[PDB]
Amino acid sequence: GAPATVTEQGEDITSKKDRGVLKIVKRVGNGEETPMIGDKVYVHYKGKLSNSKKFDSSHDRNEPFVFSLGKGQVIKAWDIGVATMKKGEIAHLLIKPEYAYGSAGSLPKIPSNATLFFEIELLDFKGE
């Protein structure tokens, strides 16, 4: 499935070049701009442990998820990954634990040492 394909073929979008955040574009977006550090970004998403059968469904699918890019308001992989996305893009991200919740996890949904997988749709972004 998509997690396997991303591990094998996905682009390494990390500074370390550790294949810790891997990306495949699912739907090509608009233009060439990407959000910048500090911009408010607006997304839809689906996330799971990478070996889970189903995406987590514990958030409202209609209401945009909003955060300030690059400010440590979300896991490291999202700050790196959303920064690479064009408006209207849908992307797959496969994420090693050190770019997510690491050895601590976040129990009960996220165990220690968990690899995560997301589908993210970038709806919009705007600067200060």
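Residue numbers here begin at 1 and follow the sequence given.
The stretch 103-111 shows the higher mean C-alpha B-factor when 14-22 is compared against 103-111 in the entry. For the two regions 88-96 and 62-70, the entry's Cα B-factors average higher over 62-70. The deposited CA B-factor of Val6 belongs to the middle third of values across its chain. The PDB entry assigns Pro35 a C-alpha temperature factor belonging to the highest third of its chain's modelled residues. Annotation for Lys76: CA B-factor lies in the middle third of the chain's modelled residues. Ranked by Cα temperature factor within the chain, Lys46 sits in the middle third according to the deposited record.
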